[PDB]
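Just below is one structure, and these are the notes that go with it.
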Amino acid sequence: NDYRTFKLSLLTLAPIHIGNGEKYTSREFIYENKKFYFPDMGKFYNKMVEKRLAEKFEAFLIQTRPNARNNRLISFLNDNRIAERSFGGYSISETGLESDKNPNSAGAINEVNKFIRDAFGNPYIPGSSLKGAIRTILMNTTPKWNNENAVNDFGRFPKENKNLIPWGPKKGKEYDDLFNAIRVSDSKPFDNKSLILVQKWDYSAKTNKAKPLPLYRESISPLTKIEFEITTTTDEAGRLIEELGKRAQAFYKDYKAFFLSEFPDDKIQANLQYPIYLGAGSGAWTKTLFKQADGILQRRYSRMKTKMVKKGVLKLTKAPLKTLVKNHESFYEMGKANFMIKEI
Amino acid sequence: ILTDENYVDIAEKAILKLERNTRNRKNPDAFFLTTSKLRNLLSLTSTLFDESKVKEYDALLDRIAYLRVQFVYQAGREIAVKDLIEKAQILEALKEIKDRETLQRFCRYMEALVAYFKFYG
Amino acid sequence: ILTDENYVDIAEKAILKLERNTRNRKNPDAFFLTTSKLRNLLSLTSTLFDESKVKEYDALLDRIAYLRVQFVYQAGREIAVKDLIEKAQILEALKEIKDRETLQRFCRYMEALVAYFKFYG
Amino acid sequence: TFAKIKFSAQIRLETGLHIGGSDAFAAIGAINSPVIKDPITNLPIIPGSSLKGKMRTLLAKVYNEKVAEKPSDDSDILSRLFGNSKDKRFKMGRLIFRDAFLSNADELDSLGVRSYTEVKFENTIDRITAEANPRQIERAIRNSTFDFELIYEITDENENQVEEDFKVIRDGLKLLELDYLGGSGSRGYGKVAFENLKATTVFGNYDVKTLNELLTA
Amino acid sequence: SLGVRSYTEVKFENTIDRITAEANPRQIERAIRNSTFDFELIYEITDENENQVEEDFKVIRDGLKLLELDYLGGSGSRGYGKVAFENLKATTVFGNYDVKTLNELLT
RNA sequence: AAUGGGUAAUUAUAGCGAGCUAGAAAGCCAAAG
RNA sequence: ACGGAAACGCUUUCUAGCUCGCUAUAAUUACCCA
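See the structure below:
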């Protein structure tokens, strides 16, 4: 059997938010206790049309009043005197900060995203999300996979070409397909009592500040052990998983000196293991070939929200401190994760 | 109201009847309505157009009631979506579902709005 | 418009009248239009060319209305399919079905487009 | 003699699988790669064609001394089990892989499951310009299970080849535990545990008590 | 009356070349799962046996037990087929032969 | 500065689209007479 | 007191064999607006 497995022990330092596309709006959650209750809004409006309130509730959603605590749907269940709390959905506890340090402004989060969940509702990290993190470590370190993932002359700085890495049917030829020979399996469904909804904190250079954003990202608490079973079938893939001890160091060495250099140092976490950058909030420079995207990635922004000062502002969040941050005021990195492999 | 033989030509007319940015002559005759606000509306209906195939109508009538919530709510936020639900008679058509085959007719009606919006500019 | 005695010679002319990649001389005179974007259009019509045999026309007029949705929608995404529905007068022919024997004539018209596209390069 | 025996086994899913279906009239802003379904119950189905297609290609690396390049170049231990079209005595071939249907529709309704097919958004990220390309593929859910029927013929040629063939069938089923039943596989989507491997007779007379010792070894 | 649109499902299906891993797809049509088909026979008794009647049905009921185990037509070693014979009832239409003494063989 | 808010983009891309084996045999008849 | 009378184009026969809907793909990017 050429199926030599592995066991990639993913440990999160920064909170990791990944997938599901959808997002709750600012009328789809309840903050009464220190938890955010996200109801099943099909069961909300059904239970509330039975209380003869759907005429006022439709008028409640077109109501743009100041003092945003009186807009976030706790005030609808306060002013209309409803205390049953029997609705579909779940609850996640508060981050602790998860607003910009104002006690009166609590519950003033507006749009959370939704972390990826199976049909049982439990969160998990899929293997397809974890494999896109390995593929950046494997593309960036390999010299052959950096010389020209060119714009092909068919677009403006258009695409990796999709042919730098050999893949396909290749009629007449054999079938190598290196990344078919790396089979990242999905993680076990863990519990949604590890989810905290960190808020984005854009810390830019040349304007030494950390202007927050109205994005929430239900994401995993730090110091969480998540396991992936990665099997390989080829000698060519059996080397490249074994070389993650060299390349994930050499990627972060190549990435600290490229982008994390010229940022102030106290925000940046320490590794403690082999580092990896998982989805949703690790900037564009960890989802890319970071040394072949300097004149190409900034083409996409002739807008009001442009990526000024070349490389975009470092993406930080706020979450409670455990065991790490290496700076006061709780500045994590949104995706600074750590793994170590072992073969089974 | 929309039958099966007209609901795409209704949605073709509603995009044309929708206004454009007559000022700001930088690629002009563009809409005030944007693609991402429009795809937030279809993201509600597209997850019912495929649970109409699987499930009964007798279980979907909780979220079909919720489409009148959020088509109103998205209309209240931005004035561009406010014009869409007036021109494309969506709030009229949403109160007229009553079975599976109109739910799929309305959810194909929202896809016709996205299609011609992508087509016309 | 397309009759029974010409709709293949119409589709033969429309592929020739469609443009080619005049630049990028690596197997040149290739189309901007690709095979996989073209087979996504025929995948709509091929599942009606065989339900025209089985079912009535009186039940298929919900999806025949939907072919004007997605031939517009696929034209809005990529500019190569945008040229196909202009050269091959598809949006004109799709509004002219009205019975079974033109539905099968249009669905054989889409197969004639795929045939000559595979033939000419 | 003539006997037909039956492998009433049970597929259990882990990180449940995708098995494609075209579904052209599917949607626009929704599922563009649907799972194949029973057209009357709309439940996820493991067809036997993708169960039989793995077990020739997974056992081609174990029971072919010479590399195949085609079916009907296999090594007469796969041919007598599955079948050829360019051999003479091994065309009809000792395995009827019946389809597997979603068995625990009630256990999934006992737990908190809304729909039997979860939908996952997947986002091919371009590695220059970082621009996205989402897809919504549809898969069966994690703790689904399937009634896996399999019928074995014993004609007037299986003198002692019944035991030799069952070393093969419990070499392809315990290798699908190491492989992925089609779909994407290299991104999860496949791992399965064949619970309750249990032979039985449905026609003829053949002692199966010497068979339920290597199936459950 | 159920959710069935068409009485024939079309499952999509391919094959992978063993070297070069190329797909070759096919769309084969297929009757849907929960159909019921009216099945009848005509067993004539031409007065040329006079004792073989009671043991021909032991072959017929055995023959219908084998189609419920084999596949009845088509690409059946990859899943398809699998008929199931229900509600068997032998009733004489012409002639005078006692079938209720025989209807226990069909059960 | 507070405060009120998110905003735009992508919605699958590239392929394969079936291949091979069988294409009517044996009786009647005719032949052998 | 019809080149007519009498005469089943009939019996036997699985549209069948073999075939993974597959291959690659992080729900992600930009950070501002009033």
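As given, the protein sequences belong to chains A, B, C, D and E, one line each in that order. Taking the numbering used here, the leading residue of the first sequence gets 1, the next gets one more, and so forth. Taking the numbering used here, the leading residue of the second sequence gets 1001, the next gets one more, and so forth. Taking the numbering used here, the leading residue of the third sequence gets 2001, the next gets one more, and so forth. Taking the numbering used here, the leading residue of the fourth sequence gets 3001, the next gets one more, and so forth. Taking the numbering used here, the leading residue of the fifth sequence gets 4001, the next gets one more, and so forth. Note that CB positions come from ideal geometry on N, CA and C, so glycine has one too.
Let me confirm a value: residue i is counted as buried when at least 16 other C-beta atoms fall within 10 Å, else exposed. Which label applies?
i                  : result
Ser221 of chain A  : buried
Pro3047 of chain D : buried
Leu2016 of chain C : exposed
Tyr1066 of chain B : buried
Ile4042 of chain E : exposed
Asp1099 of chain B : exposed
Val151 of chain A  : buried
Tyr216 of chain A  : buried
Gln292 of chain A  : buried
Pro15 of chain A   : buried
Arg4078 of chain E : buried
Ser4001 of chain E : exposed
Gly3112 of chain D : exposed
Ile4028 of chain E : exposed
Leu3095 of chain D : buried
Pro275 of chain A  : buried
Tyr3189 of chain D : buried
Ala3009 of chain D : buried
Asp3023 of chain D : buried
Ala3193 of chain D : exposed
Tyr4007 of chain E : exposed
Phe2119 of chain C : exposed
Just to check my reading of the structure: residue i and residue j have Cβ atoms closer than 8 Å, yes? What is that Cβ distance to the nearest angstrom?
i                  : j                  : result
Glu3195 of chain D : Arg3012 of chain D : 5 Å
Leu97 of chain A   : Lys318 of chain A  : 5 Å
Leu130 of chain A  : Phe228 of chain A  : 6 Å
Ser91 of chain A   : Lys23 of chain A   : Between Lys23 of chain A and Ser91 of chain A the Cβ distance is about 18 Å, and since that is not below 8 Å, they are no contact.
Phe2031 of chain C : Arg2039 of chain C : Actually they do not touch by this definition, with Cβ atoms about 14 Å apart.
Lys225 of chain A  : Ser9 of chain A    : 7 Å
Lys200 of chain A  : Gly281 of chain A  : 7 Å
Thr234 of chain A  : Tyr3 of chain A    : The Cβ separation is near 10 Å, so there is no contact.
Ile230 of chain A  : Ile182 of chain A  : 6 Å
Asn78 of chain A   : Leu53 of chain A   : That belief does not hold up - the Cβ atoms of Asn78 of chain A and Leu53 of chain A are roughly 13 Å apart, past 8 Å.
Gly3016 of chain D : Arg3114 of chain D : So it is not a contact: roughly 15 Å between Cβ atoms.
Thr2034 of chain C : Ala2080 of chain C : 7 Å
Tell me, please, which residues DSSP counts as bridged to residue i.
i                  : result
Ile4016 of chain E : E:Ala4023
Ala280 of chain A  : In DSSP, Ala280 of chain A forms no bridge with anything.
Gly1121 of chain B : For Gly1121 of chain B, which the question treats as bridged, DSSP gives no partner whatsoever.
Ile3005 of chain D : D:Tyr3152, D:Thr3201
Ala210 of chain A  : A:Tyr203
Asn113 of chain A  : A:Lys23
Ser2036 of chain C : In the DSSP output, where bridge partners are listed per residue, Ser2036 of chain C has none listed.
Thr317 of chain A  : A:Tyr332
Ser3033 of chain D : D:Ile3137
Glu3195 of chain D : D:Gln3010
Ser4077 of chain E : Paired residues: none, contrary to the question.
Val4059 of chain E : Partner(s): none; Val4059 of chain E has no beta bridge.
Quiz item: Are there three or more Cβ pairs, one per stretch, closer than 8 Å when the region 3129 to 3145 of chain D is compared with the region 3001 to 3009 of chain D?
Solution: no
Quiz item: Hey, is the region 317 to 335 of chain A in contact with the region 1050 to 1059 of chain B, meaning 3+ C-beta pairs nearer than 8 Å?
Solution: no
Quiz item: Counting only runs that start and end within the region 126 to 159 of chain A, where is the alpha helix (DSSP H) found for 4 or more residues in a row?
Solution: 127 to 141
Exercise. Kindly provide the ranges of any alpha helix (DSSP H) runs that are 4 or more residues long and lie completely inside the region 2040 to 2098 of chain C, ordered along the chain.
Key: Under the rule that a run must span 4 or more residues, the alpha helix (DSSP H) segments found entirely inside the region 2040 to 2098 of chain C read 2051 to 2054, 2061 to 2077, 2079 to 2087, 2090 to 2094.
Quiz item: Is it a yes or a no for the region 3155 to 3167 of chain D touching the region 2100 to 2115 of chain C, going by three-plus beta-carbon pairs under 8 Å?
Solution: The region 3155 to 3167 of chain D is not in contact with the region 2100 to 2115 of chain C.
Exercise. Take every Cβ of the region 3029 to 3037 of chain D, pair it with every Cβ of the region 1042 to 1051 of chain B, and state whether three or more of those distances are shorter than 8 Å.
Key: yes
Self-check item: Stretch-stretch touch, CB-based, cutoff 8 Å, three pairs: the region 67 to 83 of chain A with the region 134 to 150 of chain A
Solution: no
Self-check item: Validate contact between the region 3189 to 3209 of chain D and the region 4060 to 4071 of chain E using beta carbons, cut 8 Å, 3 pairs
Solution: yes
Self-check item: Given 8 Å, three or more beta-carbon pairs between the region 205 to 214 of chain A and the region 179 to 189 of chain A
Solution: no
Practice problem: Quick one: which unbroken alpha helix (DSSP H) runs of 4-plus residues sit fully inside the region 47 to 87 of chain A? Chain order, please. | Solution: 54 to 61, 74 to 79
Quiz item: Which runs of the beta strand (DSSP E) fall wholly inside the region 163 to 205 of chain A and span at least 3 residues, in chain order?
Solution: 182 to 184, 201 to 204
Quiz item: If you pair each beta-carbon of the region 101 to 112 of chain A with each one of the region 243 to 252 of chain A, do three or more pairs fall below 8 Å?
Solution: no
Practice problem: Kindly provide the ranges of any beta strand (DSSP E) runs that are 3 or more residues long and lie completely inside the region 3040 to 3109 of chain D, ordered along the chain. | Solution: none
Quiz item: So, do the region 3209 to 3217 of chain D and the region 3037 to 3044 of chain D have three or more beta carbon pairs nearer to each other than 8 Å?
Solution: no
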